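The data below hold one chain only, encoded as structure tokens and taken in the form deposited in one PDB entry.
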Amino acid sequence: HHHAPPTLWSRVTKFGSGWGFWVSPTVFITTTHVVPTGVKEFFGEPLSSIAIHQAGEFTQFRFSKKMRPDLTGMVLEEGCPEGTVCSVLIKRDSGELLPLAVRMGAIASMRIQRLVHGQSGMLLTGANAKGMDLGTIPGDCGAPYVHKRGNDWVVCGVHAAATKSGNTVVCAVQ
């Protein structure tokens, strides 16, 4: 019994000051502000072998080398389906897997603190998701927002922000 399968969890990878997500053997997505700056390589590969595209808080890497050939390609949607329940696949650095149910709101332009093209959502984990047990916390950014379309899991955003209440979260979308 699980919520998300082991292979889906294995796509969530530590990166910079947060996480990213292997969409495919070659495509990696993350949140812009956790990405290392001023570096010459990512995952050992020189920049010249990585197509890099950062738009707002959404960063995509496409590697020339097949970096995760164990994986199949999954669909990256252009945003999450508004009004539907997704799961945020939080890994914590102490080892926990913390999938957080979230009902997704509207895609909107936002400026938290930078220009965010993001989508808000409401966590469905408790009355007020403050703290580590029921919500998102510093270090969680880059975690994928996923949902299942039919029998297949889809990814639609990466974790970017949350209010101090914790109940509202924001993912960056493509």
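For every residue, the number given is its place in the sequence shown, counted from 1. The term rigid core refers to the maximal set of C-alpha atoms that superpose within 1.5 Å between the two forms.
Form deposited in another entry: not shown, discussed below.
Chemist: Please look at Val27, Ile50, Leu134, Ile107 and say which one has a C-alpha shift reaching 2 Å or more between the shown form and the other one, core superposed.
Modeler: Shifted by 2 Å or more: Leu134 only.
Chemist: Establish whether a shift of 2 Å or more occurs at the C-alpha of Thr125 between the shown form and the other one, with the two forms superposed on the rigid core.
Modeler: Yes: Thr125 shifts by at least 2 Å between the shown form and the other one.
Chemist: When you overlay the rigid core, is the Cα of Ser10 off by 2 Å or more between the shown form and the other one?
Modeler: No, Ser10 moves less than 2 Å.
Chemist: Could you check, with the core superposed, whether the Cα atom of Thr163 shifts 2 Å or more between the shown form and the other one?
Modeler: Shift at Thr163: below 2 Å after core fit.
Chemist: Work out whether the Cα atoms of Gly18 and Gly131 come closer together or move farther apart in the other form than they are in this form, the change being 3 angstroms or more.
Modeler: Compared with this form, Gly18 and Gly131 lie farther apart in the other form.
Chemist: Are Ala127 and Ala101 closer or farther apart at the Cα level in the other form than shown, by 3 Å or more?
Modeler: It is closer: the C-alpha separation of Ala127 and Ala101 falls by at least 3 Å in the other form.
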